[PDB]
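What follows is a short report on a single structure.
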Amino acid sequence: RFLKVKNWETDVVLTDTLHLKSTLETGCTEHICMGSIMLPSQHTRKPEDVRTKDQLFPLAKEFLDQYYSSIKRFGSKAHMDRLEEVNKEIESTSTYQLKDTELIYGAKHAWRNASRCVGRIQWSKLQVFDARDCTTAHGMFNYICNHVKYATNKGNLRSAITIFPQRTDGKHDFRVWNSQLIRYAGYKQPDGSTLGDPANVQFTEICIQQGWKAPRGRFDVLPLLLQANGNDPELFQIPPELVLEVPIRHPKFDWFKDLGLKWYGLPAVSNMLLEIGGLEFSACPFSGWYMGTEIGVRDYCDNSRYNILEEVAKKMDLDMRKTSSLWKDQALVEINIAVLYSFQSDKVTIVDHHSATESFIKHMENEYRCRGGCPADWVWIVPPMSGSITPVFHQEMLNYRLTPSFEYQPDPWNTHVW
Amino acid sequence: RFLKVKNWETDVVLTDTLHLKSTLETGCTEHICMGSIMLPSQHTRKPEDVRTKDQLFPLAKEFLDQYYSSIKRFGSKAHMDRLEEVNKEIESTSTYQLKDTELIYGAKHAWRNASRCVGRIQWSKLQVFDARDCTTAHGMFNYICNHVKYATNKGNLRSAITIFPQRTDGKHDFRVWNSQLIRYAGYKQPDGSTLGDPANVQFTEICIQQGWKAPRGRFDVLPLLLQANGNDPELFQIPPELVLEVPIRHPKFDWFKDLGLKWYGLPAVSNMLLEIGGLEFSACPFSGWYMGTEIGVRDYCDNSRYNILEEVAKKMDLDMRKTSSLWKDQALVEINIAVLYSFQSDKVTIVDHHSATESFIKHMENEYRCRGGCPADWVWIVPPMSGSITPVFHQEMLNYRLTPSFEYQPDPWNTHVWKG
Ligand code: HEM
Ligand code: HEM
Ligand SMILES: CCOc1ccc(-c2ccc3c(C)cc(N)nc3c2)cc1CN
Ligand SMILES: CCOc1ccc(-c2ccc3c(C)cc(N)nc3c2)cc1CN
Ligand SMILES: C[C@H](O)[C@H](O)[C@H]1CNc2nc(N)[nH]c(=O)c2N1
Ligand SMILES: C[C@H](O)[C@H](O)[C@H]1CNc2nc(N)[nH]c(=O)c2N1
Ligand SMILES: [Zn+2]
């Protein structure tokens with residue numbers, strides 16, 4: 001019940017006491033571990049499930065309890081008043097509103113509890129943008145452009161999140177239909193293949209279905225599809241001058257430029273759901289900065305993505321006859337070298353997976369020492385390449401669901417009543 | 001209860017019904033996943049936990065029921081009598097003996113149930129050597145030498161397992177004290193540096209204390225340390241001609257040979273515990289053939305192992321002045337290229353991690369189809385390098401514990417009552 005985690009590269013041993021405060025479930029049992037399932041039920045929030053007055057007050061109390069404890073005002077007049085106050089508003093309005101300070105604590109701590117996120121050492125430095133006064137898609141678009149501009153910062157990226165109005169009755173949900181603010185378009189081909197980004201083929205079609213006019217190029221930045229107050233969603237193009245992009249060249253292989261590769265600097269996830277004291281913020285786009293492998297290993301080399309490995313290996317003149325030459329691996333390494341190099345050269349913020357895993361280990365040590373633990377999903381913290389030469393590999397981790405939290409939610413087109 | 005797993009690269013969806021036939025715990029609860037803990041309590045077997053007739057027959061019957069189903073004899077006269085036979089023998093003698101066929105089924109299925117093993121496609125082709133008549137350390141040394149000779153097979157490796165007498169009262173255990181039959185020594189120098197394999201420093205010291213004349217080189221094959229019937233362990237030198245080794249060179253880099261590296265061909269794990277129908281076999285060495293990354297990534301590049309990365313990078317003339325150059329990644333690929341090249345060049349059986357994972361995916365699908373499941377520990381199945389360009393990465397997996405099964409067990413020097 002007071003659990004121990006060990007690093008097998010350093011013999012460091014941490015005691016975890018924080019898992020005791022765990023609220024939600026993991027999808028695992030004593031009989032079967034599901035720690036490798038992508039989207040178990042508990043990590044997803046279906047929109048039919050609106051909160052009731054009785055479920056909502058305990059959730060609100062538990063949030064306010066930790067909030068006021070963090071500010072060293074636990075059990076104090078201020079704490080009591082607030083609980084009283086929130087309690088009253090719930091009894092009357094069947095919901096409640098977060099104070100700005102709480103909202104900020106909420107956001108920051110949702111990130112802090114993101115067990116799958118390796119970049120959490122930066123959790124306290126998050127820029128929170130209150131957009132709960134927003135009422136239209138145009139209004140949403142404006143907030144999102146401002147987020148994107150504040151975040152990009154001419155390459156010197158800064159973490160940020162913009163929070164739109166909380167769910168009410170499921171009929172008035174704010175939703176960004178894009179999974180990321182900035183993503184490349186994917187087009188089905190009559191000759192069979194796929195142009196651009198295969199992971200976006202469906203969305204890119206729904207964009208065209210809703211009236212987008214696509215350049216049908218290979219790195220076409222998609223338009224935003226914004227849904228305010230449960231209404232039908234609207235198409236807005238992000239101003240080109242606000243979408244920072246980095247041409248991909250290699251520091252040694254001058255032919256690399258010829259592949260014509262580029263990526264965008266701003267990783268900004270928009271389809272998740274921020275939950276705070278029982279309140280459901282279904283549009284809450286948030287951003288930081290890439291880890292090299294995310295673009296280079298996954299976005300470029302994964303089969304269901306750009307899949308350029310064969311093409312790169314070819315230009316390297318590696319022996320591609322047999323898998324045991326590890327040509328796939330060799331290529332994969334140069335590709336990530338190039339991505340790191342392109343970004344650094346353009347002075348666009350990026351972290352390599354060695355630096356970032358080392359940072360996380362520090363963060364862990366910090367959280368165990370000052371918080372008594374740090375929930376963590378090993379399957380997602382260990383980088384998709386060079387796994388065991390990074391320190392997170394030998395680090396035992398405990399995975400459990402704290403709150404406030406980011407959660408998954410169904411894609412809007414499945415659920416949106418038109 | 002039916003369960004689904006998805007592959008996110010091919011959109012294949014499989015249904016697991018085999019998890020229902022699961023007994024042992026995982027170490028997880030609803031409120032915590034411990035899927036990354038290396039040796040959970042339930043994956044281990046302490047020798048003091050010796051089984052009473054109480055729980056033994058339920059376990060016996062479960063296993064016998066499994067066996068006779070596989071051979072399509074469930075409920076047959078032979079099945080009923082065997083149950084009765086095992087029943088009498090337990091209430092009469094507090095344990096029982098497996099028949100030859102039963103022991104073979106058991107060992108094969110423990111492999112098949114080994115959720116952390118990527119190589120289980122080969123599970124049905126396991127050579128089982130019954131060493132249950134063994135009574136001495138010298139008897140063990142002989143069985144073990146024969147295991148090594150058979151399994152090596154001049155470099156064309158064969159899967160084998162040798163099975164020594166089951167535990168009784170936990171005071172007469174058979175143990176092989178080596179973590180592997182073949183492993184290099186490790187010596188803690190005075191200056192803090194280690195010579196050889198850092199992994200084996202402690203075990204080396206024991207051997208040295210037991211009276212092993214240590215040659216003290218970077219690649220010394222350790223002596224077998226063998227305990228029969230609860231007696232104090234004894235030192236045996238594996239005959240060098242039986243230990244197949246491969247000098248490591250690189251197919252393009254000529255200076256790589258001058259790193260002085262080599263490795264043994266035959267991975268043979270000896271410190272685990274074979275559980276079959278309640279019986280515990282505390283000494284049951286098993287061997288197959290290496291996946292390349294085991295040597296190249298873990299054995300050579302782990303900071304707590306030979307840790308040659310810096311010297312390789314130095315000789316490759318990489319930019320080692322910041323991680324951003326991915327020199328650590330770059331050298332690691334070279335070293336694994338070298339290990340695969342050297343082995344294949346010498347016609348010693350080895351598999352690359354691309355071939356191995358692709359095979360496992362195929363195996364697993366096959367297992368879902370004709371068994372209703374395949375337990376698998378993602379954390380262990382996914383290769384320690386180039387993870388997401390192998391097809392196991394995007395494959396969702398269920399982990400659960402079936403019997404028969406291989407378990408962990410405490411190091412013998414920690415639990416052994418010495419005689420002198
Ligand atoms: C500042 C630099 C950051 C880095 C380097 C980073 C890195 C990562 C990486 C590598 C992943 C795994 C995703 C994948 O590889 O496919 C991830 C997941 C995630 N990150 Fe972070 N991130 C950063 C900032 C943030 C911020 C600002 C937030 C929230 C405000 C956040 C919350 C999350 C969440 C919620 C997930 C997925 C969790 C889940 O699916 O359960 N991260 N991040
Ligand atoms: C023949 C080729 C084989 C290959 C390529 C192979 C591969 C592997 C690998 C790579 C691991 C993970 C070890 C690590 O990297 O730390 C593993 C684990 C394991 N394998 Fe296999 N293996 C083979 C044969 C066998 C055999 C013959 C047995 C038993 C009869 C076996 C049973 C196991 C067990 C019990 C584990 C660890 C499970 C645990 O710790 O719970 N494997 N295997
Ligand atoms: C299949 C959907 O899974 C995801 C879930 C979350 C993220 C994610 C979410 C936020 C991130 C942030 C904020 C920064 C960053 N560098 N990477 C991030 C990655 C990525 C993925 C893509 N593997
Ligand atoms: C802390 C103990 O962890 C392990 C557990 C099992 C194995 C293992 C066990 C059996 C193997 C076999 C039979 C073949 C092979 N190629 N590799 C094998 C590797 C290795 C290790 C070493 N990481
Ligand atoms: C902490 C974690 O359980 C530990 O480092 C594991 C991770 N996965 C592994 N996977 C394999 N195949 N071998 C290992 O030794 C490990 N080590
Ligand atoms: C099935 C498996 O869980 C899935 O492929 C996971 C594995 N680990 C991952 N890790 C990260 N960082 N991102 C991912 O998308 C995934 N995918
Ligand atoms: Zn689990």
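Chain labels run A, B, ... following the order of the structure tokens; each chain numbers its residues from 1, and ligands are numbered from 1 in the order shown.
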
Compile the contact shell of range 195-205 of chain A as a ChimeraX atom specification: residues with an atom at most 9 Å away, counting only C-alpha atoms, same-chain residues fewer than 3 positions apart removed. /A:177-178,183-189,208-210,212,214,216-220,222-223,299,304-306

Can I get the selection written as a PDB file, in the first residue's frame, with C-alpha atoms?
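Output saved as out-v1.pdb:
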```
ATOM      1  CA  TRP A 177     -12.959  19.134 -34.457  1.00  0.00           C
ATOM      2  CA  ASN A 178      -9.273  19.135 -35.388  1.00  0.00           C
ATOM      3  CA  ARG A 183      -1.796  19.298 -39.098  1.00  0.00           C
ATOM      4  CA  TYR A 184      -1.075  18.382 -42.721  1.00  0.00           C
ATOM      5  CA  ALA A 185      -3.859  17.300 -45.044  1.00  0.00           C
ATOM      6  CA  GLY A 186      -4.372  13.745 -46.255  1.00  0.00           C
ATOM      7  CA  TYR A 187      -5.923  12.872 -49.593  1.00  0.00           C
ATOM      8  CA  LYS A 188      -7.088   9.497 -50.914  1.00  0.00           C
ATOM      9  CA  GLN A 189      -5.644   8.739 -54.356  1.00  0.00           C
ATOM     10  CA  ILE A 208     -13.943  19.086 -48.077  1.00  0.00           C
ATOM     11  CA  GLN A 209     -17.376  17.713 -47.158  1.00  0.00           C
ATOM     12  CA  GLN A 210     -17.972  20.976 -45.267  1.00  0.00           C
ATOM     13  CA  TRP A 212     -12.837  23.385 -47.824  1.00  0.00           C
ATOM     14  CA  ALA A 214      -7.755  22.049 -50.759  1.00  0.00           C
ATOM     15  CA  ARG A 216      -4.127  18.969 -52.678  1.00  0.00           C
ATOM     16  CA  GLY A 217      -0.434  19.336 -51.962  1.00  0.00           C
ATOM     17  CA  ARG A 218       1.668  17.245 -49.608  1.00  0.00           C
ATOM     18  CA  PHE A 219       2.075  19.594 -46.653  1.00  0.00           C
ATOM     19  CA  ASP A 220      -1.190  21.527 -46.779  1.00  0.00           C
ATOM     20  CA  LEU A 222      -5.624  21.951 -42.568  1.00  0.00           C
ATOM     21  CA  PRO A 223      -8.356  24.497 -41.788  1.00  0.00           C
ATOM     22  CA  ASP A 299       5.149  11.242 -38.125  1.00  0.00           C
ATOM     23  CA  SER A 304       0.180   4.648 -41.348  1.00  0.00           C
ATOM     24  CA  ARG A 305       1.922   8.029 -41.760  1.00  0.00           C
ATOM     25  CA  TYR A 306       4.504   9.499 -44.172  1.00  0.00           C
TER      26      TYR A 306
END
```

Distance limit 8 Å, atoms considered: only C-alpha atoms. Which chain A residues sit that close to chain B? Return them as an MDAnalysis selection string. chainID A and resid 5 9 19 22:38 297:298 301:304 323:326 328:330 333 337 340:341 352 354:355 378:379 384:389 396:401

Output the selection as a short mmCIF file (atom, residue, chain, number, x, y, z; two decimals), in the first residue's frame - N, CA and C atoms for each residue.
```cif
data_model
loop_
_atom_site.label_atom_id
_atom_site.label_comp_id
_atom_site.auth_asym_id
_atom_site.auth_seq_id
_atom_site.Cartn_x
_atom_site.Cartn_y
_atom_site.Cartn_z
N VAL A 5 9.26 2.04 -6.09
CA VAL A 5 9.72 1.91 -7.47
C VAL A 5 11.24 2.05 -7.56
N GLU A 9 19.29 0.94 -13.26
CA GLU A 9 20.51 1.45 -13.85
C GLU A 9 21.30 2.21 -12.77
N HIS A 19 -0.35 7.50 -4.75
CA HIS A 19 -1.30 6.65 -5.46
C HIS A 19 -2.54 6.42 -4.60
N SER A 22 -5.58 8.29 -5.49
CA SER A 22 -6.12 7.99 -6.82
C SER A 22 -7.64 7.94 -6.78
N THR A 23 -8.25 8.52 -7.80
CA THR A 23 -9.70 8.65 -7.84
C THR A 23 -10.29 7.71 -8.89
N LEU A 24 -9.76 7.78 -10.11
CA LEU A 24 -10.28 6.99 -11.22
C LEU A 24 -9.62 5.62 -11.34
N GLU A 25 -10.01 4.88 -12.38
CA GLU A 25 -9.57 3.50 -12.55
C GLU A 25 -8.65 3.35 -13.75
N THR A 26 -7.96 2.22 -13.83
CA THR A 26 -6.89 2.02 -14.81
C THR A 26 -7.27 1.07 -15.94
N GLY A 27 -8.37 0.35 -15.77
CA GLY A 27 -8.71 -0.69 -16.72
C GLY A 27 -8.00 -2.00 -16.43
N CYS A 28 -7.17 -2.02 -15.38
CA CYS A 28 -6.50 -3.27 -14.96
C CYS A 28 -7.18 -3.91 -13.76
N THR A 29 -6.91 -5.20 -13.58
CA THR A 29 -7.38 -5.92 -12.41
C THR A 29 -6.22 -6.74 -11.85
N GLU A 30 -6.49 -7.54 -10.83
CA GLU A 30 -5.50 -8.46 -10.30
C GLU A 30 -5.32 -9.60 -11.29
N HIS A 31 -6.35 -9.85 -12.08
CA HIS A 31 -6.36 -10.96 -13.01
C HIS A 31 -5.81 -10.65 -14.41
N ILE A 32 -5.70 -9.37 -14.76
CA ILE A 32 -5.26 -8.99 -16.10
C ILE A 32 -4.84 -7.51 -16.23
N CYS A 33 -3.62 -7.30 -16.70
CA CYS A 33 -3.10 -5.95 -16.88
C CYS A 33 -3.38 -5.48 -18.29
N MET A 34 -4.01 -4.31 -18.40
CA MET A 34 -4.30 -3.69 -19.70
C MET A 34 -3.47 -2.46 -19.97
N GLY A 35 -2.31 -2.36 -19.32
CA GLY A 35 -1.46 -1.19 -19.45
C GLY A 35 -0.93 -0.82 -20.83
N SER A 36 -1.39 -1.51 -21.87
CA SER A 36 -0.89 -1.29 -23.23
C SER A 36 -2.03 -1.01 -24.20
N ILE A 37 -3.26 -1.08 -23.69
CA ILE A 37 -4.43 -0.65 -24.45
C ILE A 37 -4.41 0.87 -24.64
N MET A 38 -4.65 1.32 -25.86
CA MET A 38 -4.53 2.73 -26.22
C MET A 38 -5.57 3.63 -25.57
N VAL A 297 10.44 9.84 -35.80
CA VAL A 297 10.18 8.40 -35.72
C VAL A 297 8.75 8.07 -36.12
N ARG A 298 7.80 8.83 -35.58
CA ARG A 298 6.39 8.51 -35.71
C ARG A 298 5.78 9.16 -36.96
N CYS A 301 8.10 8.00 -40.21
CA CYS A 301 8.53 6.63 -40.49
C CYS A 301 7.46 5.55 -40.25
N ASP A 302 6.50 5.83 -39.38
CA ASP A 302 5.36 4.94 -39.17
C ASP A 302 4.66 4.61 -40.49
N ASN A 303 4.19 3.37 -40.60
CA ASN A 303 3.53 2.92 -41.82
C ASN A 303 2.28 3.73 -42.14
N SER A 304 1.44 3.95 -41.14
CA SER A 304 0.18 4.65 -41.35
C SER A 304 0.37 6.17 -41.39
N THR A 323 16.70 -7.82 -43.68
CA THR A 323 16.35 -6.99 -42.53
C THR A 323 17.46 -6.91 -41.48
N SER A 324 18.38 -7.87 -41.53
CA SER A 324 19.43 -7.99 -40.52
C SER A 324 20.60 -7.02 -40.75
N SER A 325 20.61 -6.34 -41.90
CA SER A 325 21.53 -5.22 -42.10
C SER A 325 21.14 -4.00 -41.23
N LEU A 326 19.95 -4.05 -40.64
CA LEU A 326 19.43 -2.94 -39.84
C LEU A 326 19.47 -1.62 -40.61
N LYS A 328 16.79 -0.13 -41.90
CA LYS A 328 15.66 0.63 -41.33
C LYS A 328 16.10 1.44 -40.13
N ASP A 329 16.97 0.85 -39.32
CA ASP A 329 17.42 1.48 -38.08
C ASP A 329 18.38 2.61 -38.37
N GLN A 330 19.33 2.33 -39.25
CA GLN A 330 20.34 3.31 -39.66
C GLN A 330 19.70 4.56 -40.22
N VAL A 333 17.83 6.64 -37.70
CA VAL A 333 18.71 7.47 -36.90
C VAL A 333 19.07 8.78 -37.63
N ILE A 337 18.28 12.73 -36.61
CA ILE A 337 19.37 13.70 -36.55
C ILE A 337 18.99 14.96 -37.32
N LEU A 340 16.13 17.14 -35.57
CA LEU A 340 16.77 17.92 -34.52
C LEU A 340 17.63 19.07 -35.09
N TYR A 341 18.34 18.80 -36.18
CA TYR A 341 19.27 19.77 -36.73
C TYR A 341 18.55 20.91 -37.43
N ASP A 352 15.59 16.82 -27.73
CA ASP A 352 15.92 15.43 -28.09
C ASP A 352 15.45 14.48 -26.99
N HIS A 354 16.92 12.15 -25.41
CA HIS A 354 17.84 11.83 -24.33
C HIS A 354 17.69 12.88 -23.25
N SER A 355 17.69 14.14 -23.68
CA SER A 355 17.56 15.27 -22.79
C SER A 355 16.22 15.20 -22.05
N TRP A 378 4.74 3.83 -18.45
CA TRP A 378 6.02 3.44 -19.02
C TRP A 378 5.93 3.20 -20.53
N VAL A 379 4.80 2.67 -20.98
CA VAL A 379 4.56 2.39 -22.39
C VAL A 379 4.60 3.66 -23.25
N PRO A 384 10.07 6.02 -28.71
CA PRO A 384 9.83 4.99 -29.72
C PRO A 384 11.09 4.50 -30.44
N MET A 385 12.25 5.07 -30.10
CA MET A 385 13.53 4.58 -30.61
C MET A 385 14.56 4.69 -29.50
N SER A 386 15.66 3.96 -29.62
CA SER A 386 16.74 3.99 -28.62
C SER A 386 16.24 3.78 -27.19
N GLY A 387 15.16 3.01 -27.05
CA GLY A 387 14.50 2.86 -25.76
C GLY A 387 15.40 2.63 -24.56
N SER A 388 16.26 1.62 -24.62
CA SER A 388 16.99 1.22 -23.42
C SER A 388 18.28 2.00 -23.14
N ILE A 389 18.67 2.91 -24.03
CA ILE A 389 19.81 3.77 -23.71
C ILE A 389 19.35 5.11 -23.13
N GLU A 396 11.29 1.82 -13.12
CA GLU A 396 9.96 1.33 -12.78
C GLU A 396 9.02 2.53 -12.57
N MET A 397 7.80 2.41 -13.08
CA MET A 397 6.81 3.47 -12.93
C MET A 397 5.46 2.94 -12.44
N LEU A 398 4.75 3.77 -11.69
CA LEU A 398 3.41 3.37 -11.26
C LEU A 398 2.40 4.20 -12.01
N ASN A 399 1.46 3.53 -12.66
CA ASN A 399 0.43 4.25 -13.40
C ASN A 399 -0.92 4.26 -12.71
N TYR A 400 -1.44 5.46 -12.51
CA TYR A 400 -2.72 5.64 -11.84
C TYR A 400 -3.29 7.02 -12.16
N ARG A 401 -4.61 7.15 -12.04
CA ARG A 401 -5.32 8.30 -12.56
C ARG A 401 -5.71 9.30 -11.48
#
```

Just to confirm, what's the straight-line distance from CA of residue 255 in chain A to CA of residue 295 in chain A in Å (one decimal)?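 Here the two named atoms are 19.6 Å from each other.
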
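The nearest approach to residue 306 in chain B among the residues B:249, B:172, B:218, B:45, with only C-alpha atoms taken into account, belongs to B:218.
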
If we count only C-alpha atoms and set the cut-off at 10 Å, which residues sit around residue 371 in chain A, ignoring sequence neighbours fewer than 5 positions away in its own chain? Please answer as a PDB file with C-alpha atoms, in the first residue's frame.
```pdb
ATOM      1  CA  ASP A  16       5.076   6.266  -3.606  1.00  0.00           C
ATOM      2  CA  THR A  17       2.370   7.460  -1.184  1.00  0.00           C
ATOM      3  CA  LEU A  18       0.405   9.551  -3.686  1.00  0.00           C
ATOM      4  CA  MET A 364      10.056  12.083 -10.955  1.00  0.00           C
ATOM      5  CA  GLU A 365      12.664  12.545  -8.216  1.00  0.00           C
ATOM      6  CA  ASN A 366      11.181  15.970  -7.491  1.00  0.00           C
TER       7      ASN A 366
END
```

Selection: 12 Å around residue 251 in chain A, only C-alpha atoms, excl. self and same-chain fewer than 5 positions, as a ChimeraX atom specification: /A:256-257,334-345 /B:319,325

Dump of N, CA and C atoms for the selected residues, as a PDB file, in the first residue's frame:
```
ATOM      1  N   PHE A 256      19.415  15.337 -48.699  1.00  0.00           N
ATOM      2  CA  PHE A 256      18.258  15.271 -47.814  1.00  0.00           C
ATOM      3  C   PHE A 256      17.212  16.327 -48.170  1.00  0.00           C
ATOM      4  N   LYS A 257      17.668  17.562 -48.361  1.00  0.00           N
ATOM      5  CA  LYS A 257      16.803  18.659 -48.779  1.00  0.00           C
ATOM      6  C   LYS A 257      15.898  18.283 -49.962  1.00  0.00           C
ATOM      7  N   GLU A 334      19.478   8.703 -38.903  1.00  0.00           N
ATOM      8  CA  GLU A 334      19.818   9.915 -39.649  1.00  0.00           C
ATOM      9  C   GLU A 334      18.611  10.874 -39.738  1.00  0.00           C
ATOM     10  N   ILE A 335      17.419  10.310 -39.925  1.00  0.00           N
ATOM     11  CA  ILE A 335      16.198  11.101 -40.050  1.00  0.00           C
ATOM     12  C   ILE A 335      15.984  11.940 -38.798  1.00  0.00           C
ATOM     13  N   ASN A 336      16.122  11.322 -37.634  1.00  0.00           N
ATOM     14  CA  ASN A 336      15.935  12.088 -36.414  1.00  0.00           C
ATOM     15  C   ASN A 336      17.075  13.080 -36.184  1.00  0.00           C
ATOM     16  N   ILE A 337      18.282  12.731 -36.613  1.00  0.00           N
ATOM     17  CA  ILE A 337      19.372  13.696 -36.548  1.00  0.00           C
ATOM     18  C   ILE A 337      18.991  14.957 -37.325  1.00  0.00           C
ATOM     19  N   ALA A 338      18.424  14.745 -38.510  1.00  0.00           N
ATOM     20  CA  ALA A 338      18.070  15.819 -39.422  1.00  0.00           C
ATOM     21  C   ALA A 338      16.976  16.703 -38.840  1.00  0.00           C
ATOM     22  N   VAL A 339      15.975  16.087 -38.217  1.00  0.00           N
ATOM     23  CA  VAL A 339      14.878  16.853 -37.637  1.00  0.00           C
ATOM     24  C   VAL A 339      15.385  17.731 -36.500  1.00  0.00           C
ATOM     25  N   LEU A 340      16.130  17.137 -35.574  1.00  0.00           N
ATOM     26  CA  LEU A 340      16.773  17.919 -34.519  1.00  0.00           C
ATOM     27  C   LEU A 340      17.627  19.066 -35.092  1.00  0.00           C
ATOM     28  N   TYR A 341      18.337  18.795 -36.182  1.00  0.00           N
ATOM     29  CA  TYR A 341      19.274  19.765 -36.735  1.00  0.00           C
ATOM     30  C   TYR A 341      18.550  20.912 -37.427  1.00  0.00           C
ATOM     31  N   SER A 342      17.510  20.578 -38.181  1.00  0.00           N
ATOM     32  CA  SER A 342      16.719  21.576 -38.872  1.00  0.00           C
ATOM     33  C   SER A 342      16.111  22.564 -37.871  1.00  0.00           C
ATOM     34  N   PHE A 343      15.522  22.027 -36.804  1.00  0.00           N
ATOM     35  CA  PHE A 343      14.840  22.832 -35.794  1.00  0.00           C
ATOM     36  C   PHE A 343      15.774  23.746 -35.019  1.00  0.00           C
ATOM     37  N   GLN A 344      16.886  23.174 -34.562  1.00  0.00           N
ATOM     38  CA  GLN A 344      17.904  23.934 -33.847  1.00  0.00           C
ATOM     39  C   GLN A 344      18.468  25.057 -34.714  1.00  0.00           C
ATOM     40  N   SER A 345      18.642  24.769 -35.998  1.00  0.00           N
ATOM     41  CA  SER A 345      19.267  25.704 -36.908  1.00  0.00           C
ATOM     42  C   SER A 345      18.331  26.876 -37.143  1.00  0.00           C
TER      43      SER A 345
ATOM     44  N   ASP B 319      30.071  13.339 -32.987  1.00  0.00           N
ATOM     45  CA  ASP B 319      30.018  14.543 -32.171  1.00  0.00           C
ATOM     46  C   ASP B 319      29.420  14.178 -30.823  1.00  0.00           C
ATOM     47  N   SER B 325      23.309  15.202 -31.319  1.00  0.00           N
ATOM     48  CA  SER B 325      23.898  14.573 -32.500  1.00  0.00           C
ATOM     49  C   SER B 325      23.423  13.135 -32.659  1.00  0.00           C
TER      50      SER B 325
END
```

Could the residues that lie within 7 Å of ligand 4, counting only C-alpha atoms and all ligand atoms, be listed as a compact mmCIF listing (two decimals) with N, CA, C and O atoms, in the first residue's frame?
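New file pocket.txt:
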```txt
# COMPACT_ATOMS: atom_id res chain seq x y z
N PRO B 267 22.22 -18.58 -25.24
CA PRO B 267 21.50 -18.02 -24.09
C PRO B 267 20.80 -19.15 -23.33
O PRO B 267 19.90 -19.77 -23.89
N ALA B 268 21.23 -19.45 -22.11
CA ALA B 268 20.62 -20.55 -21.35
C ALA B 268 20.30 -20.10 -19.94
O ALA B 268 21.18 -20.04 -19.08
N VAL B 269 19.04 -19.79 -19.69
CA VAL B 269 18.66 -19.25 -18.40
C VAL B 269 18.43 -20.37 -17.39
O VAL B 269 17.74 -21.35 -17.67
N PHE B 286 16.85 -23.55 -19.28
CA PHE B 286 16.34 -23.60 -20.64
C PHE B 286 17.14 -22.66 -21.53
O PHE B 286 17.73 -21.68 -21.06
N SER B 287 17.19 -22.98 -22.82
CA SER B 287 18.02 -22.25 -23.77
C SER B 287 17.34 -22.20 -25.12
O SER B 287 16.53 -23.06 -25.45
N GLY B 288 17.66 -21.16 -25.89
CA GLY B 288 17.20 -21.05 -27.26
C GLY B 288 18.33 -20.43 -28.07
O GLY B 288 19.46 -20.92 -28.03
N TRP B 289 18.01 -19.37 -28.80
CA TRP B 289 19.03 -18.59 -29.50
C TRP B 289 18.77 -17.09 -29.35
O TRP B 289 17.63 -16.64 -29.25
N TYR B 290 19.85 -16.31 -29.35
CA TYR B 290 19.76 -14.87 -29.17
C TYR B 290 18.97 -14.12 -30.22
O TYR B 290 19.07 -14.42 -31.41
N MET B 291 18.19 -13.14 -29.75
CA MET B 291 17.79 -11.99 -30.56
C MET B 291 18.98 -11.03 -30.47
O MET B 291 19.57 -10.88 -29.40
```

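Residues in contact with residue 4 in chain A at up to 7 Å, not including ones fewer than 6 positions away on its chain and judged by only C-alpha atoms, are residues 13, 14, 15 and 16 of chain A.
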
Within 12 Å of residue 169 in chain B using only C-alpha atoms, minus same-chain residues under 4 positions, as a compact mmCIF listing (two decimals) with C-alpha atoms, in the first residue's frame:
```txt
# COMPACT_ATOMS: atom_id res chain seq x y z
CA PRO B 47 11.17 -21.50 -1.32
CA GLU B 48 9.70 -21.29 2.21
CA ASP B 49 6.26 -21.23 0.58
CA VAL B 50 6.15 -25.04 0.24
CA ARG B 51 2.70 -26.36 -0.71
CA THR B 52 0.44 -28.43 1.54
CA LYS B 53 -1.86 -31.19 0.24
CA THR B 93 2.99 -38.87 0.12
CA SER B 94 2.12 -35.12 0.27
CA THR B 95 3.22 -34.71 -3.39
CA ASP B 173 16.15 -27.99 -3.34
CA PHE B 174 18.01 -28.43 -6.57
CA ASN B 229 19.23 -31.99 -2.92
CA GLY B 230 19.66 -29.04 -0.55
CA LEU B 279 4.91 -29.00 -8.36
CA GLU B 280 7.85 -26.58 -8.32
```

At a cut-off of 12 Å, using only C-alpha atoms, what residues contact residue 64 in chain A? Leave out same-chain residues fewer than 2 positions from it and give the result as an NGL selection string. :A and (57-62 or 66-71 or 73-76 or 78-87 or 98-99 or 101-103 or 105-106 or 276-278 or 403-404)

Given only C-alpha atoms and all ligand atoms as the counted atoms, nearest of A:294, A:191, A:133, A:317 to ligand 6: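 Distance minimum relative to ligand 6 lands on A:294.
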
Could you tell me, counting only C-alpha atoms and all ligand atoms, which protein and nucleic acid residues lie no more than 7 Å from ligand 3, written as a VMD selection string? chain A and resid 267 to 269 286 to 291
